Every structure is written in structure tokens, then in C-alpha cells.
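Since the structure comes first, as C-alpha cells, the remarks are kept for the end.
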Amino acid sequence: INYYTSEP
Amino acid sequence: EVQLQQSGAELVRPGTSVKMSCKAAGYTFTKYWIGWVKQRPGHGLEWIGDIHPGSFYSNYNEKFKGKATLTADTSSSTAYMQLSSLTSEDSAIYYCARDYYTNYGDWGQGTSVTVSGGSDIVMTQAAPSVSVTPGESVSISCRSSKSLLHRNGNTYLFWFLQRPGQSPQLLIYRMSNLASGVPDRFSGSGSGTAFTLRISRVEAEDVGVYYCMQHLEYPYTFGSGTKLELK
């Protein structure tokens, strides 16, 4: 899980 | 179980601000994005933005930059949204939802507020409604203005049902995958730009509005909805 975007 | 418990209805006047809350429980608050969604009559569902309560980083639909502010308090596991310069356009029900690996599978119950982009992916649902008799099967179509296929091999198309007086619920994730708790009467297929939700053996619990949504790229976008009703 990226901390700066929820985009895949 | 995951719970998202939102603050109560607000009756407010134009020109003011309001701040609403979304108390999270049943999972690690700082691990997942929380998104916010606007349900305004005649305007389907509209995605406002999201926030990561670990980093505090937020992303907004440009349409809401200067309207909505997302914050989080890690001490109380609560997400907040503040709206400024309230107008009639802001009268709506607002939902928080937990993003589970791109799935909006957990939704708050909504907060009612009553006020007394060219490159965005356009999601279209040609049928405003479908009218069926119980036990019939039905197909509901959606199209996206660009491919929803990602380099990773997944197609980031989602189907939701919003039953009358309820929050949206996730039915199908990444084009074809059946969401937990959803009967296998529901299925999804598609080409990456055109999609079909199929419902076998329709029953009264299936009544409501079906929305497609893309979670490929910001801002996330929903179709206009197709209302299913019984004849």
C-alpha cells in the first residue's frame, strides 16, 4: 500500500 | 468486522462551513486509504478525494480543491471532511469508505447535509433503468472512455448496488471478481472498455441503483447509474 496514492 | 460510523445529519445555511466525521473500527486505521463520495439527487455518485491516515497525505478531485478538506485523527481513529462556502449544490449525502487494495468494500452509513476534467475517465451507463419480474435474469451495461486495463494485468472496473435507503455495496471488483458476501447470482464481464453486470434469478433484495466505477486513476469516476425495479 502506497502512502501517497491509492491508485494501483 | 470493519465499521465506519459517520456523524449525524446536518441542516445548514448557505455561506457557512460544516465538518463531518467518520469513526473507524475493526482494522488498522493507519494502514488503508479512506475515500469520500457525494450522493446528490440526480447526480449519482461523485468521488471527492481520499486520505491516508498514516501519512496524512490527501488527494482530491480537482472539482473539490477549495471546497473539501480531508483530515484524520489517529488518536480517535476518525476521518473528517470539512466543506466551505456551502451552497445548494452541496446538499447531498456524503459517505466515507475504506479502500481495501482498490476495493471500496466498507462504507459508512452516510451523513446527510441539507443546505437550506477533460482527461478524466468518463463512465457511461446507457440505461437509466431496468424493469424486471422476480426470477428473470438481467444484464446492465457500462462503458469507459479509456481502457481500464493496468500493466499489472488487472482491469480496474467495479460494480456497486445502492439499495433503497442504504449505502452502496460492492458487488464485483476488478471487472469479474465476486466480492465477499455477495451471492454468485451476480457476475461481471468485459472488454476493458465495455462491461456487463449479469444478475440471475432477480429477487426483491436486488432492487436499487447499480453503478459502475473506475479505480484506475484519479479522480475516481462512477457511471450515471441504472435503477433496477420490479414490474
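For the C-alpha cells, the naming scheme is as follows: chains receive sequential letters (A, B, ...) according to their order of presentation, residues are indexed from 1 within each chain, and ligands are indexed from 1 in presentation order.
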
Distance filter 7 Å, only C-alpha atoms, chain A against chain B, as a tab-separated table (two decimals) with N, CA, C and O atoms, in the first residue's frame:
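That gives us iface04.tsv:
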chain	number	residue	atom	x	y	z
A	3	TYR	N	1.76	5.14	0.33
A	3	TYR	CA	1.32	6.12	1.30
A	3	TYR	C	0.88	7.45	0.66
A	3	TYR	O	0.41	8.37	1.34
A	4	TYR	N	1.05	7.58	-0.66
A	4	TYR	CA	0.83	8.85	-1.35
A	4	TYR	C	-0.22	8.78	-2.47
A	4	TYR	O	-0.70	9.82	-2.91
A	6	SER	N	-3.66	6.03	-3.66
A	6	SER	CA	-4.38	4.76	-3.65
A	6	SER	C	-4.48	4.09	-5.03
A	6	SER	O	-5.05	3.01	-5.15
A	7	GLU	N	-3.98	4.76	-6.07
A	7	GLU	CA	-4.06	4.25	-7.43
A	7	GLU	C	-3.21	2.98	-7.54
A	7	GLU	O	-2.15	2.89	-6.93
A	8	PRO	N	-3.67	2.01	-8.31
A	8	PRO	CA	-2.88	0.76	-8.45
A	8	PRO	C	-1.60	1.00	-9.24
A	8	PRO	O	-0.65	0.18	-9.04

All strand (DSSP E or B) positions in stretch 87-197 of chain B, as a VMD selection string | chain B and resid 92 to 100 103 to 107 111 to 115 123 to 124 129 to 132 138 to 144 149 155 157 to 162 168 to 173 177 to 178 186 to 190 194 to 197

May I have the selected residues written with C-alpha atoms, as a PDB file, in the first residue's frame?
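Output contents, as saved in part.pdb:
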ATOM      1  CA  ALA B  92     -26.196  15.671  -0.556  1.00  0.00           C
ATOM      2  CA  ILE B  93     -25.434  12.528   1.391  1.00  0.00           C
ATOM      3  CA  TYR B  94     -21.690  12.064   1.956  1.00  0.00           C
ATOM      4  CA  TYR B  95     -20.062   8.663   2.528  1.00  0.00           C
ATOM      5  CA  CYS B  96     -16.713   7.555   3.767  1.00  0.00           C
ATOM      6  CA  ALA B  97     -15.381   4.239   2.504  1.00  0.00           C
ATOM      7  CA  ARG B  98     -12.324   2.147   3.273  1.00  0.00           C
ATOM      8  CA  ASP B  99     -10.094   1.347   0.249  1.00  0.00           C
ATOM      9  CA  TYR B 100      -9.001  -2.291   0.555  1.00  0.00           C
ATOM     10  CA  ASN B 103     -11.932  -2.204  -3.323  1.00  0.00           C
ATOM     11  CA  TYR B 104     -14.380   0.203  -1.689  1.00  0.00           C
ATOM     12  CA  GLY B 105     -15.890  -2.707   0.278  1.00  0.00           C
ATOM     13  CA  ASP B 106     -16.672  -0.986   3.573  1.00  0.00           C
ATOM     14  CA  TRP B 107     -18.895   2.071   3.604  1.00  0.00           C
ATOM     15  CA  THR B 111     -24.091  11.904   6.537  1.00  0.00           C
ATOM     16  CA  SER B 112     -26.921  13.968   5.057  1.00  0.00           C
ATOM     17  CA  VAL B 113     -26.134  17.678   4.627  1.00  0.00           C
ATOM     18  CA  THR B 114     -29.166  19.833   3.779  1.00  0.00           C
ATOM     19  CA  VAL B 115     -28.313  23.400   2.713  1.00  0.00           C
ATOM     20  CA  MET B 123     -18.056   6.182 -17.254  1.00  0.00           C
ATOM     21  CA  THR B 124     -21.380   5.810 -19.047  1.00  0.00           C
ATOM     22  CA  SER B 129     -33.420   1.796 -15.551  1.00  0.00           C
ATOM     23  CA  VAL B 130     -34.193  -1.884 -15.874  1.00  0.00           C
ATOM     24  CA  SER B 131     -37.701  -3.204 -15.049  1.00  0.00           C
ATOM     25  CA  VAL B 132     -37.882  -6.901 -14.352  1.00  0.00           C
ATOM     26  CA  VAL B 138     -30.874  -9.138 -16.389  1.00  0.00           C
ATOM     27  CA  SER B 139     -27.829  -7.504 -17.955  1.00  0.00           C
ATOM     28  CA  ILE B 140     -26.630  -3.994 -17.133  1.00  0.00           C
ATOM     29  CA  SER B 141     -24.109  -2.228 -19.359  1.00  0.00           C
ATOM     30  CA  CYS B 142     -21.349   0.249 -18.695  1.00  0.00           C
ATOM     31  CA  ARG B 143     -18.604   1.818 -20.851  1.00  0.00           C
ATOM     32  CA  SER B 144     -15.360   3.608 -20.010  1.00  0.00           C
ATOM     33  CA  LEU B 149      -6.577  -2.478 -18.069  1.00  0.00           C
ATOM     34  CA  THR B 155      -8.911  -4.305 -15.149  1.00  0.00           C
ATOM     35  CA  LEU B 157     -13.729  -1.725 -13.106  1.00  0.00           C
ATOM     36  CA  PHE B 158     -16.096  -2.082 -10.096  1.00  0.00           C
ATOM     37  CA  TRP B 159     -19.835  -2.622  -9.716  1.00  0.00           C
ATOM     38  CA  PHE B 160     -21.859  -1.366  -6.776  1.00  0.00           C
ATOM     39  CA  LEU B 161     -25.532  -1.717  -5.728  1.00  0.00           C
ATOM     40  CA  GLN B 162     -27.112   1.022  -3.659  1.00  0.00           C
ATOM     41  CA  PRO B 168     -23.553   1.490  -1.716  1.00  0.00           C
ATOM     42  CA  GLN B 169     -22.273  -2.056  -1.541  1.00  0.00           C
ATOM     43  CA  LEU B 170     -19.520  -3.598  -3.617  1.00  0.00           C
ATOM     44  CA  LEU B 171     -20.643  -6.466  -5.851  1.00  0.00           C
ATOM     45  CA  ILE B 172     -17.828  -7.065  -8.355  1.00  0.00           C
ATOM     46  CA  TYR B 173     -14.201  -5.920  -8.175  1.00  0.00           C
ATOM     47  CA  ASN B 177     -14.257 -10.901  -9.185  1.00  0.00           C
ATOM     48  CA  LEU B 178     -17.153 -11.589  -6.838  1.00  0.00           C
ATOM     49  CA  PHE B 186     -24.001 -11.691  -9.688  1.00  0.00           C
ATOM     50  CA  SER B 187     -21.250 -11.825 -12.279  1.00  0.00           C
ATOM     51  CA  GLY B 188     -19.196  -9.416 -14.309  1.00  0.00           C
ATOM     52  CA  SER B 189     -17.508  -9.478 -17.673  1.00  0.00           C
ATOM     53  CA  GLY B 190     -15.992  -7.003 -20.073  1.00  0.00           C
ATOM     54  CA  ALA B 194     -17.300  -2.103 -22.213  1.00  0.00           C
ATOM     55  CA  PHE B 195     -18.668  -4.067 -19.307  1.00  0.00           C
ATOM     56  CA  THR B 196     -21.685  -6.131 -18.314  1.00  0.00           C
ATOM     57  CA  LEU B 197     -23.095  -6.930 -14.878  1.00  0.00           C
TER      58      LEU B 197
END

What is the distance, in Å and to one decimal place, between atom CA of residue B:89 and atom CA of residue B:207?
->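 Interatomic distance here is 27.3 Å.
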
Within 8 Å of residue B:80 using only C-alpha atoms, minus same-chain residues under 4 positions, as an mmCIF file with N, CA and C atoms, in the first residue's frame:
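Saved to selection.cif:
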data_model
loop_
_atom_site.group_PDB
_atom_site.id
_atom_site.type_symbol
_atom_site.label_atom_id
_atom_site.label_comp_id
_atom_site.auth_asym_id
_atom_site.auth_seq_id
_atom_site.Cartn_x
_atom_site.Cartn_y
_atom_site.Cartn_z
ATOM 1 N N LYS B 19 -18.321 20.464 9.205
ATOM 2 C CA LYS B 19 -17.330 19.405 9.354
ATOM 3 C C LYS B 19 -17.967 18.150 9.894
ATOM 4 N N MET B 20 -17.792 17.056 9.176
ATOM 5 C CA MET B 20 -18.434 15.763 9.467
ATOM 6 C C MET B 20 -17.342 14.724 9.763
ATOM 7 N N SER B 21 -17.719 13.679 10.463
ATOM 8 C CA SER B 21 -16.746 12.708 10.879
ATOM 9 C C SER B 21 -17.135 11.278 10.513
ATOM 10 N N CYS B 22 -16.103 10.434 10.478
ATOM 11 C CA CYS B 22 -16.198 9.049 10.080
ATOM 12 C C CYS B 22 -15.292 8.255 11.029
ATOM 13 N N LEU B 70 -9.919 17.152 3.740
ATOM 14 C CA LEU B 70 -9.878 15.877 4.428
ATOM 15 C C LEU B 70 -8.783 15.889 5.468
ATOM 16 N N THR B 71 -9.110 15.448 6.673
ATOM 17 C CA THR B 71 -8.134 15.291 7.754
ATOM 18 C C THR B 71 -8.394 13.958 8.468
ATOM 19 N N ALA B 72 -7.474 13.576 9.341
ATOM 20 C CA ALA B 72 -7.584 12.395 10.141
ATOM 21 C C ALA B 72 -6.974 12.622 11.509
#

Grab the atom CA of residue B:40 to atom CA of residue B:208 distance for me, in Å with one decimal place.
->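 So the two atoms, atom CA of residue B:40 and atom CA of residue B:208, lie 15.5 Å apart.
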
Excluding same-chain residues fewer than 6 positions from residue B:64, what lies within 12 Å of it counting only C-alpha atoms, as an MDAnalysis selection string?
-> chainID B and resid 36:38 46:50 70 81:85 90 117 219
